[PDB]
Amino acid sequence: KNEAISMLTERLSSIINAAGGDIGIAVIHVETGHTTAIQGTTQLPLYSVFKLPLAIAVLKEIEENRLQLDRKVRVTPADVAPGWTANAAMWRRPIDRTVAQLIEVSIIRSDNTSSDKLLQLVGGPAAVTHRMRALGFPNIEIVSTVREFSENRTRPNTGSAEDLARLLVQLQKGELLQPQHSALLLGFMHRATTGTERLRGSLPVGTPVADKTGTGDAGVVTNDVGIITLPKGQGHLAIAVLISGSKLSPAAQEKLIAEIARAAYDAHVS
């Protein structure tokens, strides 16, 4: 219905009413461009959502022939920062991982070690930010490595919901990366295992979703960005939801993302 999509802004305002904090939302129908946004231009802390711009920057280095997907990269225990305990069984012993395997674990398990190795291969935070501008996304600011952001939560990587959603629109359309790289990256995002409660939590059974989450400790940030495949031939939705500083419990913030996604789905599906 064209009525449902026109009133989507108002449904989204009710879901987030009284949530406190700063919430950025952008929902873009990929094939038409129809956009619904709330505080969509505000830059908000990304946490592990920044690993999506990072992966695009790495794959663009490969597309400009400064790098190869099958290049072996040595990772060592010194490459693991102190507070990183989530994924440290892969980084016990010196091991070679290809660039593709580093991207894989960076996207799927939100792995901090591989991401910092990737950041060195593209030229650091400033190089990722430069790549974002060159691709048409001037509202994504990568300023810290994962390690730096961990001794100091005052210099976060930031981006706006609209820039992240437009990045995903281009990825899904096939305009952002070579087709085989696009399939590789979307394949990782379909397998991402951290956001069962966010964009996927309230969609109808059988709904394909590619996504990347980000989370700060103790509910200080709850993010999810991704692509929802609509039924039949109704297209795709690119969606970014960034929640910073909300009063709500961590579970209730995840519930807000899930319900936003379902309200957007319902509006765009017949």
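Numbering starts at 1 and follows the sequence shown.
Peer 1: Quick check on the record: does 63 to 71 or 220 to 228 carry the larger mean Cα temperature factor?
Peer 2: That would be 63 to 71.
Peer 1: Name the higher of the two by mean Cα B-factor in the PDB entry, 84 to 92 versus 160 to 168.
Peer 2: Per the deposited B-factors, the answer is 84 to 92.
Peer 1: Going by the CA temperature factor in the entry, name the top one among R200, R153, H181, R131.
Peer 2: Across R200, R153, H181, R131, the entry lists the biggest C-alpha B-factor for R153.
Peer 1: Going by what the PDB entry lists, where does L177 fall on CA B-factor within its chain: lowest, middle or highest third?
Peer 2: CA B-factor rank for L177: lowest third.
Peer 1: Test of reading the entry: by CA B factor among the chain's modelled residues, which third contains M189?
Peer 2: Answer is lowest: the recorded C-alpha B-factor places it there.
Peer 1: Divide the modelled residues of the chain into thirds by Cα B-factor and specify which third, lowest, middle or highest, holds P125.
Peer 2: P125: CA B-factor falls in the middle third of its chain.
Peer 1: Please place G195 in the lowest, middle or highest third of its chain by C-alpha B factor as given in the entry.
Peer 2: As the PDB entry reports it, the C-alpha B-factor of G195 lands in the highest third of its chain.
Peer 1: Please rank the C-alpha B-factors of the chain's modelled residues and tell me whether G136 sits in the lowest, middle or highest third.
Peer 2: Tercile = lowest for this residue's CA B-factor.
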